[PDB]
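The structure appears below as structure tokens.
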Amino acid sequence: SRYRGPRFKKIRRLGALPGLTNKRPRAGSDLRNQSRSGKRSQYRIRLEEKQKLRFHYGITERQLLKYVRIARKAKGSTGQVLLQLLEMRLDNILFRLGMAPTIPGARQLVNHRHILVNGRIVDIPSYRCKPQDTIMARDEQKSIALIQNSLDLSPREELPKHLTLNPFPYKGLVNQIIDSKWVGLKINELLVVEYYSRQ
Amino acid sequence: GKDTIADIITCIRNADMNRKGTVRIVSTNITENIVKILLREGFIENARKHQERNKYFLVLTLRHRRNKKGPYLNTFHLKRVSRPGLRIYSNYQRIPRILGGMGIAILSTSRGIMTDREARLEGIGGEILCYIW
Amino acid sequence: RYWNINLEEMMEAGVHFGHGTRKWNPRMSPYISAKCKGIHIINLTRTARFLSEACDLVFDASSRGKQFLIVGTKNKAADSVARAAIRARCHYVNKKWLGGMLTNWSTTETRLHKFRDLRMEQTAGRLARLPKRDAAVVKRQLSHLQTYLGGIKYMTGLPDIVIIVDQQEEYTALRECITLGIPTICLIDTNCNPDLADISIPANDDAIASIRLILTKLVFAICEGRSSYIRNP
Amino acid sequence: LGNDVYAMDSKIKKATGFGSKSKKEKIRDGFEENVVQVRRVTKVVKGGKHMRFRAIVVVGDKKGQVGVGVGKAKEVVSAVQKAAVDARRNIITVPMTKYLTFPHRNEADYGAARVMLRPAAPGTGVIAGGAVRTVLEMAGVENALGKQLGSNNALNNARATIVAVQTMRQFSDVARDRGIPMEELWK
RNA sequence: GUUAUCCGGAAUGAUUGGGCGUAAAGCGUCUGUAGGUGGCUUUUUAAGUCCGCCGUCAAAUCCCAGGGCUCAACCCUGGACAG
Ligand SMILES: [Mg+2]
Ligand SMILES: [Mg+2]
Ligand SMILES: [Mg+2]
Ligand SMILES: [Mg+2]
Ligand SMILES: [Mg+2]
Ligand SMILES: [Mg+2]
Ligand SMILES: [Mg+2]
Ligand SMILES: [Mg+2]
Ligand SMILES: [Mg+2]
Ligand SMILES: [Mg+2]
Ligand SMILES: [Mg+2]
Ligand SMILES: [Mg+2]
Ligand SMILES: [Mg+2]
Ligand SMILES: [Mg+2]
Ligand SMILES: [Mg+2]
Ligand SMILES: [Mg+2]
Ligand SMILES: [Mg+2]
Ligand SMILES: [Mg+2]
Ligand SMILES: [Mg+2]
Ligand SMILES: [Mg+2]
Ligand SMILES: [Mg+2]
Ligand SMILES: [Mg+2]
Ligand SMILES: [Mg+2]
Ligand SMILES: [Mg+2]
């Protein structure tokens, strides 16, 4: 139920995928054969948009679908609400607080019970995070060690204003619901919605 | 002349499509009211009454041609809804609104004829005579 | 600004009458006035307002620097147009009108290129070194090119104002200016539809006198407007 | 009066030859062309089948300006190009709303093609079929519902869509026509 | 993945939403019984129609708002538009 395949590959075809890999792709070396499909059918474009989404967050299709139904239910702008829903996922908030290298790493972390949400152990990746929520490391040696070395040795300070981090205990705090400009990727949600008109 | 309302509406539509300002219509309480309303909405320039041999004719001036007769971006549409074969009624919450409200809907209700706007203020439903674009 | 018009002069030149009642277009029924002996009589109180607005826009368009065409292809209106256009210093069409003069510019202009080469040839005196067939042929080219390109041969670029005589016969001019986004200021008799021109002046067809009256009024507007564009640039 | 040769050579130098000057000026027009359909039509002659391509192509800025065009040639490229020009001279503007959608719900009729457009809530994207969808997408309409009823032919549906979005009346203008303040019709 | 069943797309049985000169389609033409619709003006009545209030249309399901199984599916509380 998880994508264990080659990453760099999907990266080449789709685009830049933060939640997958930090290693920039090879020059691509496809300039020899110069093989193309010609151009892309509108369908291929839309499909690659969705694929972008799905592979950035580590989600399975059938899951994405029900997320989309939740989305179409919610009262408001569809694509936006969808992106909210995808961005409040636990391994994702774990990643975007830099408590992890990447999303597979963060998923692994969550899964092995190394994390706490409001002094409670949640080992499932898709746990939906809600406002005013405490993201902690479990108090054991190994959990602390992982979170520390993955937090400190990664210099990036981008924290997108709904996310707080505090230094010694390493208490992560989810402050609020995401803003559409604060989203974790460059995507026209319009395209993914249009793809999903047929379900 | 099985239906008078539809007839008025129709004569208007025909005179309009032919780029003529002037129409003769036969008057009646319904007719007169409908035309009054049509004026306070601003769909028609001016109205007046004539009499001969105990017949009443409302003549209607119509809004001028759009910046020529040939290049017309806009026409003026009328549609009968409730007709003798099927009578359409609506409660307060089903009251129709045309093109987001740009046009209007004519209602015959307990308090008389009116637009859908008046029905919404006063909270009444009723019989829908026509739609006007 | 004012112009020279009164009920008496328009009564003089014979503008008020037009073709028989078998021949009429009821599309003109709103602004017509009377009918006499099966000869229609057209409203002059509309004619003065249209002729005023026409000379006004003609004045503004001359003053801003826009370029003018005039058209009629008739026998009398042609002799009147060469002189109307010379008196206002404008471009004209009198002789046979070629389809595509406005709409198809590129080929019309290459036709002008070669007509210019012909105008240099004939004055250079290099048509005397040729066989008789060559000079007769170059003279066909000349005769034709003079007929069609005679009055427009100064103009480079697309004319943005066109003036026309009797739109019944002039159909292609009307079509081409309708197409290219050009205003038409036109003469209407009782047979013609008031769709085809931007400003359509009720007028007379058969009369050389009406043509001369309204065209002299208009060429006077273009002349005073010509003084104002000699001043403003 | 300056000489005729130098001034006519000035109008000859100002209008450039088509054999000595190559052409790509088009991206300076600020437009994008999208090829909707490529078909091989045939005229038949005593020799055999005389093959041509017909291209249906729409142009837009994706900013609220759009047009359709149709072209014919021997080669794909040339017909594409002609289509481009025919479209550019045929072009019009679609009335838009602050959220990038239609003023209201509308039908349209061209030939056997009928077209149904209705406004949408922001975030719904453009949902429609090929001709209608490309036209609307190239106009830049972000949220729109549409369904072509009647026929399926690409070209006619395009033209019908244009007929639809051309007759669309924006609220300011119905306020001005009726002679009534905006807020009164809002209610 | 394949096969079967049903609705969709199908405006392809069409109230919303189609047609009948030549594409499938106007009875060969009238007279007329049931049946359906039917001019204008004033009054009456209140059967339809419209508005308010009440009773009920079981619980479970669907919809909205919270709560509980680590999450979800599932379960629980409260409430309601329709009609
Ligand atoms: Mg494989
Ligand atoms: Mg569907
Ligand atoms: Mg009811
Ligand atoms: Mg050709
Ligand atoms: Mg049809
Ligand atoms: Mg279909
Ligand atoms: Mg299966
Ligand atoms: Mg069906
Ligand atoms: Mg069938
Ligand atoms: Mg059929
Ligand atoms: Mg047959
Ligand atoms: Mg048959
Ligand atoms: Mg028969
Ligand atoms: Mg038969
Ligand atoms: Mg029989
Ligand atoms: Mg009978
Ligand atoms: Mg009977
Ligand atoms: Mg009865
Ligand atoms: Mg009655
Ligand atoms: Mg129940
Ligand atoms: Mg819930
Ligand atoms: Mg819960
Ligand atoms: Mg319940
Ligand atoms: Mg009830």
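Key figures
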quantity	calculated
Within 10 Å of each Cβ in C:147-157, the average number of Cβ atoms from other chains	1
Shape call, segment B:76-133: gyration tensor on alpha carbons, a/c limit 1.5	oblate
Distance from segment C:1-47 to segment C:182-233 (C-alpha centre basis), Å	15 Å
Electrostatic dipole magnitude of the protein assembly as shown [Cβ: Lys, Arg +1; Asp, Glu -1; Cα centre; debye, to 20]	3020 debye
Order by protection proxy (mean Cβ within 10 Å, highest first), peptides A:91-102, D:56-67	A:91-102, D:56-67
Cα centre as origin, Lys/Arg/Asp/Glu Cβ charges: chain A dipole, Debye	1120 debye
Förster radius 60 Å - calculated FRET efficiency between A:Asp152 and D:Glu107, Cβ distance, rounded to 0.05	0.40
Angle between chain B longest axis and helix B:29-41 axis [Cα atoms, degrees, rounded to 10]	80 degrees
FRET efficiency for D:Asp177 and B:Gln51, using Cβ-Cβ distance with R0 set to 51 Å, rounded to 0.05	0.95
Separation between Cα centres of segment C:104-118 and segment B:59-133, rounded to whole Å	59 Å
Rounded tilt (10° steps) of B:5-17 against the dominant C-alpha axis of chain B	40 degrees
Amide H within-cut-off set for C:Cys192, under 5 Å, with H built and near neighbours excluded	C:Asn25
Farthest positive-ward along segment A:41-199 dipole, Cα basis, beta-carbon charges - from A:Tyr127, A:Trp182, A:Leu65	A:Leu65
Separation of the A:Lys75 and D:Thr93 label points, Cα + 7 Å toward Cβ, nm	3.7 nm
Sites D:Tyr6 and D:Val77, calculated FRET efficiency, Cβ-Cβ separation with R0 45 Å, nearest 0.05	0.70
Shape call, chain C: gyration tensor on alpha carbons, a/c limit 1.5	prolate
P(r) histogram, all alpha-carbon pairs of chain D included - 5 Å bins from 0, percent	1, 7, 13, 15, 14, 12, 10, 8, 6, 5, 4, 3, 1, 0, 0
Nearest 10 degrees, 0 to 90: helix D:154-167 Cα axis against chain D principal axis	60 degrees
Positive-end residue, the protein assembly as shown charge dipole about Cα centroid, Cβ charges, pick of A:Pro6, D:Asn156, D:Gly67	A:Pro6
Cβ crowding within 10 Å averaged over residues, with C:206-214, A:163-171, C:25-33 ranked highest first	C:206-214, C:25-33, A:163-171
CD proxy at 222 nm, helix term only [per DSSP H run n ≥ 4: -39500 (n - 2.57); per residue of chain C; nearest 500]	-16000 deg cm²/dmol
Options B:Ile44, B:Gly1, B:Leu73, ranked by Cα towards positive dipole end of segment B:1-75, top entry (Cβ charges)	B:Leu73
Inter-centroid distance (Cα atoms) of segment D:83-123 relative to segment A:102-179, Å	49 Å
Tensor-based shape of the protein assembly as shown (alpha-carbon gyration tensor, a/c under 1.5 rounded, otherwise prolate or oblate)	oblate
Low-density loop positions, GluC sites (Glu not before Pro), segment D:1-88 - DSSP coil, at most 10 other Cβ in 10 Å	D:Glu25, D:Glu75
Value at 222 nm in deg cm²/dmol, rounded to 500, when DSSP H runs of n ≥ 4 in chain A each add -39,500 (n - 2.57)	-12000 deg cm²/dmol
Net charge dipole size for segment D:48-187 [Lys, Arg +1 and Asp, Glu -1 on Cβ; Debye, nearest 20]	520 debye
Where trypsin sites (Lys or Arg not before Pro) fall in DSSP loop in segment A:1-85, at most 13 other Cβ within 10 Å	A:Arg2, A:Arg4, A:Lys23, A:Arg26, A:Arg32, A:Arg36, A:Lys39, A:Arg40, A:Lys75
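Rule-based calculations on the coordinates, nothing more; no lab input. Neighbour counts are summed over all protein chains in view; Cβ atoms, including those assigned to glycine, are modelled from backbone coordinates with ideal geometry.
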